[PDB]
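Q: Sharing a structure with you now.
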Amino acid sequence: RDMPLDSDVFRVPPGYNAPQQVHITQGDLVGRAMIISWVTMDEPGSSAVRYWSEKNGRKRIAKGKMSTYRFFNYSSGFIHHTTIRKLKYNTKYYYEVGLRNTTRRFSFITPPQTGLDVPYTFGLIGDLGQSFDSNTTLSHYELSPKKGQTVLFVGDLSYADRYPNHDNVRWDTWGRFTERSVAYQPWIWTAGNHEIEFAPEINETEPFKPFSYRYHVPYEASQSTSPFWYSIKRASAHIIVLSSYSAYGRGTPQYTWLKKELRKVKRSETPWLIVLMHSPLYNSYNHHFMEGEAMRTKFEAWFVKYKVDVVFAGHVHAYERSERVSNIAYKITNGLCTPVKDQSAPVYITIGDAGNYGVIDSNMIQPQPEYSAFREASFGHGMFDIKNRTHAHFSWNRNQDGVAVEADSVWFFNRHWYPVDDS
Amino acid sequence: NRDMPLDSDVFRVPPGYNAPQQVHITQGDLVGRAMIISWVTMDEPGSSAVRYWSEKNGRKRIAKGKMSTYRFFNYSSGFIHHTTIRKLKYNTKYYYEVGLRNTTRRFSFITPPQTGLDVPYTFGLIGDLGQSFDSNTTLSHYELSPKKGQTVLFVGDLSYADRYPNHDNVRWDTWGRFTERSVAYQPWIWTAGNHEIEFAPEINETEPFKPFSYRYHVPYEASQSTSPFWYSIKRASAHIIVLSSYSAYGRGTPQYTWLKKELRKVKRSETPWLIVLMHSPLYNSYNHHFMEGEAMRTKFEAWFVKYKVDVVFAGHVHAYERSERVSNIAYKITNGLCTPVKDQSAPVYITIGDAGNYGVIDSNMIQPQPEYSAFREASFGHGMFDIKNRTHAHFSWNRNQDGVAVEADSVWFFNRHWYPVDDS
Amino acid sequence: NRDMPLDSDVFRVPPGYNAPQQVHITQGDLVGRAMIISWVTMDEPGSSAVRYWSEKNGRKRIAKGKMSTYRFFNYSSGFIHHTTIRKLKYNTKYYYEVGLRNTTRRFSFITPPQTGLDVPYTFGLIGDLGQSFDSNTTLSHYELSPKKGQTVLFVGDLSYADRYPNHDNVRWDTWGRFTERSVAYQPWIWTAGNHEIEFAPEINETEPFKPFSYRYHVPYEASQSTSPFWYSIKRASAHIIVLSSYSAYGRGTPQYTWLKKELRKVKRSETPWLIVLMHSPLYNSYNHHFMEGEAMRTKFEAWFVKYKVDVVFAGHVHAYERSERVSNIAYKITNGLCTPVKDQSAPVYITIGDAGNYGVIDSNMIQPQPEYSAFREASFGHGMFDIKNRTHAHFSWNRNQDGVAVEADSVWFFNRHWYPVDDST
Amino acid sequence: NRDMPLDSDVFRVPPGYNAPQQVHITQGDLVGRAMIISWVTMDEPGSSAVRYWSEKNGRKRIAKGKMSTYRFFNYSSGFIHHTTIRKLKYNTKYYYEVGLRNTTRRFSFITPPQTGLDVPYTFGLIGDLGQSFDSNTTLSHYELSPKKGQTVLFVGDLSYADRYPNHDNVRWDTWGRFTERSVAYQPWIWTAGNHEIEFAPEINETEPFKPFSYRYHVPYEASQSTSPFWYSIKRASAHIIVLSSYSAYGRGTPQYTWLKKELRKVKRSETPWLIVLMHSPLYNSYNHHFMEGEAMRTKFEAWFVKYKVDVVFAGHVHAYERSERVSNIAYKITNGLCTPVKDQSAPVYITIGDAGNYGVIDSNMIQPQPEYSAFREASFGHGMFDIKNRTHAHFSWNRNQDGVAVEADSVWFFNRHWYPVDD
Ligand SMILES: *[C@@H]1O[C@H](CO)[C@@H](O[C@@H]2O[C@H](CO)[C@@H](O[C@@H]3O[C@H](CO[C@H]4O[C@H](CO)[C@@H](O)[C@H](O)[C@@H]4O)[C@@H](O)[C@H](O[C@H]4O[C@H](CO)[C@@H](O)[C@H](O)[C@@H]4O)[C@@H]3O)[C@H](O)[C@H]2NC(C)=O)[C@H](O[C@@H]2O[C@@H](C)[C@@H](O)[C@@H](O)[C@@H]2O)[C@H]1NC(C)=O
Ligand SMILES: *[C@@H]1O[C@H](CO)[C@@H](O[C@@H]2O[C@H](CO)[C@@H](O[C@@H]3O[C@H](CO)[C@@H](O)[C@H](O)[C@@H]3O)[C@H](O)[C@H]2NC(C)=O)[C@H](O[C@@H]2O[C@@H](C)[C@@H](O)[C@@H](O)[C@@H]2O)[C@H]1NC(C)=O
Ligand SMILES: *[C@@H]1O[C@H](CO)[C@@H](O[C@@H]2O[C@H](CO)[C@@H](O[C@@H]3O[C@H](CO)[C@@H](O)[C@H](O)[C@@H]3O)[C@H](O)[C@H]2NC(C)=O)[C@H](O[C@@H]2O[C@@H](C)[C@@H](O)[C@@H](O)[C@@H]2O)[C@H]1NC(C)=O
Ligand SMILES: *[C@@H]1O[C@H](CO)[C@@H](O[C@@H]2O[C@H](CO)[C@@H](O)[C@H](O)[C@H]2NC(C)=O)[C@H](O[C@@H]2O[C@@H](C)[C@@H](O)[C@@H](O)[C@@H]2O)[C@H]1NC(C)=O
Ligand SMILES: *[C@@H]1O[C@H](CO)[C@@H](O[C@@H]2O[C@H](CO)[C@@H](O)[C@H](O)[C@H]2NC(C)=O)[C@H](O[C@@H]2O[C@@H](C)[C@@H](O)[C@@H](O)[C@@H]2O)[C@H]1NC(C)=O
Ligand SMILES: CCC/C=C\CC/C=C\C=C\CO[C@@H](c1cccc2ccccc12)P(=O)(O)O
Ligand SMILES: *[C@@H]1O[C@H](CO)[C@@H](O)[C@H](O)[C@H]1NC(C)=O
Ligand SMILES: *[C@@H]1O[C@H](CO)[C@@H](O)[C@H](O)[C@H]1NC(C)=O
Ligand SMILES: *[C@@H]1O[C@H](CO)[C@@H](O)[C@H](O)[C@H]1NC(C)=O
Ligand SMILES: *[C@@H]1O[C@H](CO)[C@@H](O)[C@H](O)[C@H]1NC(C)=O
Ligand SMILES: [Fe+3]
Ligand SMILES: [Fe+3]
Ligand SMILES: [Fe+3]
Ligand SMILES: [Fe+3]
Ligand code: NA
Ligand code: NA
Ligand code: NA
Ligand code: NA
Ligand code: NA
Ligand SMILES: [Zn+2]
Ligand SMILES: [Zn+2]
Ligand SMILES: [Zn+2]
Ligand SMILES: [Zn+2]
């Protein structure tokens, strides 16, 4: 059910060495920078980006870096990453890539300065892939009347590793497929299990290597030492990105980094505290049941202590929304191992249902446990619409429905500013 | 601070120009016919060649290895040598010499017998050794033990150098000179503890395990691991699996992938004793680090029960603990089944992190003793796991405050694959 | 453009999934007991293992090598294998196979005799081969020669890939497949010429010799050299020194220092024939590249006369020339002694860069012929240096326009150490 | 052995925890608007940031650089810093501070005037300095010169550390601390000499120039060179070309290709003084190293005469010599033209390698003095190249055994392009 190589979403931009696979993401901690990325195939080309605002018209030049990789018998094109900085808040910019031979032009809109009551709309996509179901989801997100401004991506991008020798041409087609969205607004990248690409059978043993070459993130801005975990702030949201498939024992980099990062969170500057990871801590589907238990034993209590608002995960090819629960009182011999209602706790949302290679996960644990509010095996995407410091509106759109229909929808009440029960 | 001062006898430098120091050895292949020979020269790079011969044939041979150096903050290492001797005869005494160019030092070892069903072998068990005065006593009790251990299973936390300002790596060098009087003559099987992480971004040192990994090499490619921090070796009648508590082990990760495949390769008709080393215990009823093992346990415990692992050795708690054979693999979030139960199909869990560290014992325990815990005591000591044949092994625990020959705890193991009768 | 087109037969891809191509061997040690097996696989990395066994005995062994890859501008290479077979027996035919995982191909070679005073041996001389039609004829003439070459001495300028846009490295791949029919069966000894430099900052390739050095390894550590671009080998009764015209050679440089110590190690009582290979000729009365060899001459000529080198072979000039034994080492800036004189202690200097290149011959000569030049002609062809015993070696030049058994020029060398007698024509 | 012992005053270590030592500066760009600031910290890495401000305005700014280390045999370097200050103002005195994190130290320099046809400027000429007692005298004589030199052209052989056992690299550190009293306040232009090669395969140091290149950076990319060992700069009314006696220079090599194109760039109406620096002299009538420079001469002498180089400076020979204006470029093997002739498009060749090395002079001279030799003497000292304007520059030679204001040799240079009078 994967879209064939000659499909229109995979068409190659014309002209000698025309930039392709253009994508952007937030380039700094607070919103005043952007990482511009693209691939040229005919020759290395230039790493310069030319950009200007609608307001100023003044054209400046940023210069970045070019890298390549091989994977088994595949040889990549020339990958460019360039960071434009010191931009102005709430402003439309133009930028151009391919300055040596074939120039292409795009644009983006910076976010507002971070603040307590700054509204903002986030799209939620996981496990996208490049099947036909993938294409419908992206169309539905594009036509959403709520107008997403940034995508939080919860992992599993191209599913290129399902192909023989992980055929990396399928990374390239995915790069051209998603451009019509991610060249114009930032997507925030989370690493999933399909990015690992651990294949000693063909002497490819560097974890995450193709993903890490193609998708860069601003991980030093939060003083992280790896791209696989980091945070950013945008409008009124503090977003914490975690890596299910890196080390998180006591004393490791990721564990040490998270414990320090939660202490920097300021709820009167960014009241919406959002965590992303690939593998769900709370999951009542049969597929991948209880895989999140390990990370859950390390981090769940931290999430409650700091009153995290919501945790988004993918990995399960379906949709689920948890009640506000915690399961943090167990001590081996006390028998306290059942989740309980907890108004300091986040809501757990699984949203890894954007299409993958065309398969849904429909088997569920019966009966639905108390901790599960809503679950359904349908393709689609989510929208997390922040109105202000007390209220945010979440809605789930199905591919079989109209682009304006919401099959699930709920108001989030802020854990710090308005911790009402929101069942 | 009960650390031995820098001018202690155990820290003396071997005299002579560019005299090799910190000499240590470990198994260098899958099945016992190779040895990794390691040492440090401090005056100049020197030769990485090892001269060696068997007592049986007396033919001097030469093996060439590699030299490396590292830096950590404002410390610069000496010249680190690693050399693999190969194609050794089983059950044979060998001599070896390092420092062939200026000052030469000679040592010896004995290869194991070939892997087989009823091949006896005595493994020492040492965890969280350190370089305090208690560490020296433990080491003396081991080398003086009438059971005579042939190989040390080391469950992590080596030098404790990371407790010093800037992780003063001089305390790695001292520890190497202290342990030489044992590890130069018999292999130690290295596990990576949390004191080896040395993650210190405040001084721009962000590569985990860097000092440990430059100084202590392991034969990880022989079991097709891709990392020195998990791997497998076979010796006599044992299959030893080494794990990394502070690497990734999520489903799909390198370590998870390797362990799933490796348990399937275990041939209990060749090595009947399946033994797992890791730093952080899965079962532990002391207050200190209580439940830090929960994460790894949810990932790997059902596998250990499935493949009838005989015993799991851990450290990290500074004390001794021996569990019953228990499991806790029936939990399903909402079914309330979360109390360990007796399970004669499960390994024994032993904590043996009490060789000395920096002079501090972990004496606070959860009371009353839980049903899963068989024996526990807060005393310094070491362990011995003495294989007799395919069905019987004998474990003993020796306390620093007893005579070298006094066993304070001891128990017979009945092999989970060849003889699974209640040994509780 | 007289370069052979891409679909020529000499460029045909060996059939079969991941079949090895561009197979070539060279001597892999100082004395002749080793051989470096090199080849490229185009579909996936494959195995670096070489299976090999001797024709008479036949116990099959495996040797394991290494694989590497490189990029040049927007060209990406396939998978390059280099594998050293050691501890061979002298004067023995060996079989060997490559491609052990998927498509295997089998070849063979004959180890040299053990080094010794009177060991006969036959060396081909080829320079500036390229891949034109003229190139094909010369290689044809060499492989058909009655004298039966057992090793090619190659004085530099291999593929001429750098004449193509962006140095189209595909033209390295074809040249490998074209030369395979000789170099997979007998070692070629490699010298680095000015077309291997491939210095092209305009496309950000600033590492001299990158494609050449990835594809052709040499046993350079065996003579205590620190660079592949200069080294020494012994083979039968010859001691061969390979130098680098386009590397440093000032006093105190690595190459200078290495040649100095290497000339001391030469023992003419063990290997009587002392042979030097370099790309740019020290003595050259053709007009193309006239006097480029002067800088290296001022450094090394006196050393050649001192050590009584028998012969110096060079290329670069797309024609043939053979000098008289002469020297020019008495100049002191103001004493006026700047003319070459006859010197029975000096080597013969032979330019042999006429194997074909891209089809052009250098016919502009300085006139009249200088007294330092014995014979010269602007024709394509190749040479043979045919060693008989410790006193006699026969050099001959075969033209492409002649029968393969015809020598258009031919001279008997009398050994400078064992028969130090005037041997001029 | 007349080298200064380790406890000499000139080798004292700046006091205080991790105080910068071995501070040295050089030109950081092509035209004079930038400066490379270099120093060593011995107790811990420290910061590579430099603080600098003009004496005029005084707006303080920070430039960030790069720390590196090396090993040589059993030696382990300290922490070496290189930091480029850019966009400086012409003809302006600046202050700079290094060591910001712990012990700070403060120095100053004066940027040159803008390049131009008639800018005056005074260059000191020092060669083969080393660290003998004679070395200390020459550096005193240069510092005290009434001519007041503003930038040193250093023609190679720096520390002579390679004469010690295993090239005791401590002797680089001592030399660094000794020369600091001049080179921290005004730039020195580095040329590589044979004592910088440090090729010692018998202790597996086989990378040519390794300690030298770590310790002394040059702005080589600003002239499109691919190597630090050949490069060019412009300062005031001079165009300075630095060449590498012990790198490759055959036809088609990188340095050959660079020099050929670089000479095509010189413009004598912007910079009328065309100066070439190299270590091994092309004209030398002393016995030590006689005719060592023939090889480079066969490749480059004709180019020097074709582009009318004013003066060529070299060292290597521990003495002084000034040549007549001659060339020896007509030789064609059989035509017999091998004697040098007066040539008024040729440069003057000056050997200035007599600053002290380790205390030995080269006194054995070829007799009688050849015609191409104007003046020669075997005594320690230094030179001065004092440019008055586009037609005139004045060269003088000061000997260590004279007062700091006596010139034992002296001559006017008439510019080859603007005023080619027989001199
Ligand atoms: C695999 O290893 C295990 C561990 O070593 C083996 O188990 C041991 O087996 C040995 C026998 O080989 C046992 O030792 C023997 O014990 C008997 C009984 O001792 C008790 O009762 C005596 C009165 O009869 C009393 O005097 C004594 O103090 C004790 O309380 C001894 O009688 C015996 O000594 C006499 O016989 C030997 C043999 O000829 C003579 O040499 C002596 O001179 C004496 O006259 C001997 O010491 C030992 O108890 C076992 N250990 C354990 C922990 O069970 C195992 O052996 C196998 O399994 C055991 C369970 C038995 O079935 C053995 O028969 C059997 O071989 C090893 N497996 C194999 C296949 O070998
Ligand atoms: C070393 O190698 C040289 C070159 O091959 C030998 O010289 C050659 O010796 C051949 C005899 O072995 C000569 O061939 C004969 O010529 C005669 C007269 O024309 C014929 O009747 C006869 O049938 C052969 O064809 C050959 O001419 C000669 N070549 C040269 C260039 O001189 C040399 O042999 C030694 O020197 C020569 C001059 C003779 O005296 C030989 O007998 C003598 O042994 C070889 N050296 C040794 C020690 O064998
Ligand atoms: C690596 O960096 C550490 C941390 O700075 C160095 O240790 C420090 O050395 C300083 C000496 O420069 C000490 O400061 C002095 O302490 C003495 C003793 O009280 C006082 O009299 C004096 O006035 C200074 O304050 C500093 O206390 C010390 N800090 C720590 C945490 O140990 C280390 O230096 C090495 O160790 C010290 C103890 C001395 O022996 C040094 O000379 C020695 O090199 C640095 N190591 C290296 C190899 O550079
Ligand atoms: C934050 O946004 C919320 C959603 O837009 C606001 O609540 C909405 O307020 C409307 C008129 O103020 C009312 O008609 C809507 O029904 C209501 N929606 C919901 C889900 O309550 C909210 O306004 C404040 O909070 C609510 C609870 C009322 O008390 C309003 O009168 C308040 O002004 C916004 N909060 C703030 C602080 O702006
Ligand atoms: C460039 O500087 C030269 C050195 O000072 C000038 O020559 C000097 O001019 C002085 C007049 O101010 C005169 O007294 C000095 O004797 C003379 N010095 C020498 C060594 O000749 C030079 O001046 C021009 O050129 C010379 C040849 C004379 O014709 C002067 O009168 C000229 O002004 C300066 N050149 C220029 C273009 O300014
Ligand atoms: C618990 C997370 C890490 C916090 C600090 C790191 C350890 C710093 C110094 C050494 C302490 C003693 O060592 C033990 C230990 C290790 C780790 C922590 C402890 C805390 C208290 C006592 C002993 C703790 P251990 O790892 O050897 O079993
Ligand atoms: C993908 O979706 C877009 C927009 O809905 C549509 O125009 C395009 O034809 C689709 N392509 C495929 C291959 O489904
Ligand atoms: C280096 O080696 C020399 C030669 O023996 C020795 O004298 C010197 O002290 C050594 N220095 C260091 C820093 O190891
Ligand atoms: C350590 O133990 C050994 C052996 O028991 C003893 O000889 C030595 O003196 C002890 N040293 C210290 C510092 O305790
Ligand atoms: C280092 O070079 C020396 C010089 O002889 C040599 O003995 C030694 O083996 C070399 N080490 C290598 C190539 O690893
Ligand atoms: Fe998925
Ligand atoms: Fe510990
Ligand atoms: Fe050529
Ligand atoms: Fe000198
Ligand atoms: Na842990
Ligand atoms: Na032996
Ligand atoms: Na997992
Ligand atoms: Na040349
Ligand atoms: Na020289
Ligand atoms: Zn997944
Ligand atoms: Zn621990
Ligand atoms: Zn050429
Ligand atoms: Zn010199």
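We label chains A, B, ... in the order they appear in the structure tokens, count residues from 1 in each chain, and number ligands from 1 in the order shown.
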Wanna dump the chain C-chain D contacts at 6 Å for me, each residue with its shortest atom pair and the distance in Å to one decimal, counting only C-alpha atoms, ordered by chain and number, as a Markdown table?
A:
```
| residue | atom | partner | partner_atom | distance |
| --- | --- | --- | --- | --- |
| C:246 | CA | D:250 | CA | 5.4 |
| C:247 | CA | D:248 | CA | 5.0 |
| C:248 | CA | D:248 | CA | 3.8 |
| C:250 | CA | D:246 | CA | 5.2 |
| C:295 | CA | D:295 | CA | 4.1 |
| C:334 | CA | D:339 | CA | 5.7 |
```
Q: Using only C-alpha atoms, please write the residues we just selected to a file, as an mmCIF file, in the first residue's frame.
A:
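Now in part23.cif:
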```cif
data_model
loop_
_atom_site.group_PDB
_atom_site.id
_atom_site.type_symbol
_atom_site.label_atom_id
_atom_site.label_comp_id
_atom_site.auth_asym_id
_atom_site.auth_seq_id
_atom_site.Cartn_x
_atom_site.Cartn_y
_atom_site.Cartn_z
ATOM 1 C CA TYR C 246 55.375 15.766 -7.659
ATOM 2 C CA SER C 247 56.196 15.302 -3.955
ATOM 3 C CA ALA C 248 58.698 17.295 -1.894
ATOM 4 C CA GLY C 250 64.189 19.355 -0.544
ATOM 5 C CA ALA C 295 65.001 20.587 -10.249
ATOM 6 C CA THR C 334 80.328 30.673 -11.703
#
```
Q: Give me the residues near residue 127 of chain D as a ChimeraX atom specification, where near means some atom within 7 Å (using only C-alpha atoms) and where sequence neighbours in that chain fewer than 2 positions away do not count.
A: /D:125,129,154-157,315,352-355
Q: Export C-alpha atoms of the chosen residues as a short mmCIF file (atom, residue, chain, number, x, y, z; two decimals), in the first residue's frame?
A:
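Result saved to selection.cif:
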```
data_model
loop_
_atom_site.label_atom_id
_atom_site.label_comp_id
_atom_site.auth_asym_id
_atom_site.auth_seq_id
_atom_site.Cartn_x
_atom_site.Cartn_y
_atom_site.Cartn_z
CA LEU D 125 63.97 41.09 9.29
CA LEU D 129 66.58 33.12 15.92
CA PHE D 154 60.51 35.91 10.07
CA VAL D 155 62.35 33.77 7.53
CA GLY D 156 62.29 30.45 9.40
CA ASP D 157 64.00 28.26 12.00
CA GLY D 315 67.80 32.47 6.13
CA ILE D 352 69.49 37.27 6.94
CA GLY D 353 69.76 34.03 8.94
CA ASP D 354 72.11 35.37 11.64
CA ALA D 355 69.88 36.21 14.63
#
```
Q: If we count only C-alpha atoms, what is near residue 366 of chain C at a cut-off of 10 Å, once residues fewer than 3 positions away on the same chain are taken out, given as JSON, numbers by chain?
A: {"C": [284, 285, 286, 287, 288, 290, 363, 369, 370]}
Q: Using only C-alpha atoms, which of B:71, B:64, B:308, B:268 sits nearest chain D?
A: B:71
Q: Mind listing as a ChimeraX atom specification which residues of chain C are within 9 Å of chain A, counting only C-alpha atoms?
A: /C:42-45,73-76,78-79
Q: Of the candidates B:351, B:327, B:257, B:373, which shows the shortest atom-to-atom distance to ligand 17, using only C-alpha atoms and all ligand atoms?
A: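 Under the stated criterion, the closest residue is B:257.
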Q: With only C-alpha atoms counted and 12 Å as the cut-off, give the residues of chain D in contact with chain B, each with its shortest interatomic distance in Å and the pair that gives it, as JSON lines.
A:
```
{"residue": "D:18", "atom": "CA", "partner": "B:74", "partner_atom": "CA", "distance": 11.2}
{"residue": "D:41", "atom": "CA", "partner": "B:74", "partner_atom": "CA", "distance": 10.4}
{"residue": "D:42", "atom": "CA", "partner": "B:74", "partner_atom": "CA", "distance": 8.6}
{"residue": "D:43", "atom": "CA", "partner": "B:74", "partner_atom": "CA", "distance": 6.8}
{"residue": "D:44", "atom": "CA", "partner": "B:74", "partner_atom": "CA", "distance": 5.0}
{"residue": "D:45", "atom": "CA", "partner": "B:74", "partner_atom": "CA", "distance": 6.9}
{"residue": "D:46", "atom": "CA", "partner": "B:203", "partner_atom": "CA", "distance": 9.9}
{"residue": "D:47", "atom": "CA", "partner": "B:203", "partner_atom": "CA", "distance": 11.6}
{"residue": "D:68", "atom": "CA", "partner": "B:71", "partner_atom": "CA", "distance": 11.8}
{"residue": "D:69", "atom": "CA", "partner": "B:71", "partner_atom": "CA", "distance": 9.8}
{"residue": "D:70", "atom": "CA", "partner": "B:71", "partner_atom": "CA", "distance": 10.7}
{"residue": "D:71", "atom": "CA", "partner": "B:69", "partner_atom": "CA", "distance": 9.6}
{"residue": "D:72", "atom": "CA", "partner": "B:44", "partner_atom": "CA", "distance": 10.2}
{"residue": "D:73", "atom": "CA", "partner": "B:44", "partner_atom": "CA", "distance": 6.8}
{"residue": "D:74", "atom": "CA", "partner": "B:44", "partner_atom": "CA", "distance": 4.9}
{"residue": "D:75", "atom": "CA", "partner": "B:44", "partner_atom": "CA", "distance": 8.6}
{"residue": "D:76", "atom": "CA", "partner": "B:76", "partner_atom": "CA", "distance": 7.3}
{"residue": "D:77", "atom": "CA", "partner": "B:76", "partner_atom": "CA", "distance": 9.4}
{"residue": "D:78", "atom": "CA", "partner": "B:74", "partner_atom": "CA", "distance": 8.8}
{"residue": "D:79", "atom": "CA", "partner": "B:74", "partner_atom": "CA", "distance": 8.9}
{"residue": "D:166", "atom": "CA", "partner": "B:44", "partner_atom": "CA", "distance": 10.4}
{"residue": "D:203", "atom": "CA", "partner": "B:45", "partner_atom": "CA", "distance": 8.9}
{"residue": "D:204", "atom": "CA", "partner": "B:45", "partner_atom": "CA", "distance": 9.9}
{"residue": "D:205", "atom": "CA", "partner": "B:45", "partner_atom": "CA", "distance": 11.8}
```
Q: Store the residues of this selection in a file with N, CA and C atoms, as a short mmCIF file (atom, residue, chain, number, x, y, z; two decimals), in the first residue's frame.
A:
```
data_model
loop_
_atom_site.label_atom_id
_atom_site.label_comp_id
_atom_site.auth_asym_id
_atom_site.auth_seq_id
_atom_site.Cartn_x
_atom_site.Cartn_y
_atom_site.Cartn_z
N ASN D 18 46.44 29.33 35.85
CA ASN D 18 46.13 29.19 34.41
C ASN D 18 46.33 30.49 33.65
N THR D 41 47.59 27.85 27.67
CA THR D 41 47.27 27.70 29.09
C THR D 41 47.77 26.34 29.56
N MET D 42 48.41 26.28 30.73
CA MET D 42 49.02 25.03 31.15
C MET D 42 48.28 24.29 32.26
N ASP D 43 47.38 24.94 32.99
CA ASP D 43 46.77 24.26 34.13
C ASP D 43 45.44 23.59 33.80
N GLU D 44 44.65 24.18 32.92
CA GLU D 44 43.42 23.57 32.42
C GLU D 44 43.07 24.26 31.10
N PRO D 45 42.16 23.66 30.29
CA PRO D 45 41.80 24.26 29.00
C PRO D 45 41.53 25.76 29.03
N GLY D 46 40.57 26.20 29.84
CA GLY D 46 40.25 27.61 29.88
C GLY D 46 39.42 28.04 28.69
N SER D 47 39.26 29.35 28.55
CA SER D 47 38.41 29.92 27.50
C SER D 47 39.26 30.41 26.33
N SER D 68 43.23 23.60 20.97
CA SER D 68 43.72 22.33 20.45
C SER D 68 44.91 21.87 21.29
N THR D 69 45.25 20.58 21.17
CA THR D 69 46.40 19.96 21.83
C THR D 69 47.10 19.02 20.85
N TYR D 70 48.34 18.66 21.18
CA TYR D 70 49.08 17.66 20.42
C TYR D 70 50.00 16.88 21.36
N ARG D 71 50.50 15.75 20.86
CA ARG D 71 51.54 14.98 21.52
C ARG D 71 52.71 14.81 20.56
N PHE D 72 53.92 14.75 21.12
CA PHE D 72 55.11 14.43 20.35
C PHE D 72 55.94 13.47 21.19
N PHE D 73 56.05 12.22 20.76
CA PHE D 73 56.77 11.21 21.54
C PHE D 73 56.21 11.15 22.96
N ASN D 74 57.04 11.40 23.97
CA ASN D 74 56.54 11.38 25.34
C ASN D 74 56.17 12.76 25.86
N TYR D 75 56.13 13.78 24.99
CA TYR D 75 55.69 15.12 25.36
C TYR D 75 54.18 15.28 25.13
N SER D 76 53.53 16.04 26.00
CA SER D 76 52.10 16.33 25.90
C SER D 76 51.89 17.83 25.99
N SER D 77 51.34 18.42 24.95
CA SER D 77 51.25 19.86 24.91
C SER D 77 50.29 20.37 25.97
N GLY D 78 50.43 21.66 26.30
CA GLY D 78 49.40 22.40 27.00
C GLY D 78 48.21 22.67 26.09
N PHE D 79 47.36 23.62 26.47
CA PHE D 79 46.14 23.93 25.75
C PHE D 79 46.36 25.17 24.89
N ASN D 166 64.85 13.71 21.54
CA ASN D 166 63.45 13.56 21.10
C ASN D 166 62.80 14.91 20.82
N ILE D 203 61.04 7.71 16.03
CA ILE D 203 60.17 7.75 17.21
C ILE D 203 58.71 7.93 16.80
N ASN D 204 58.44 7.66 15.52
CA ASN D 204 57.13 7.72 14.86
C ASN D 204 56.47 9.09 14.96
N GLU D 205 57.28 10.09 14.78
CA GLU D 205 56.78 11.39 14.40
C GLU D 205 57.12 11.55 12.91
#
```
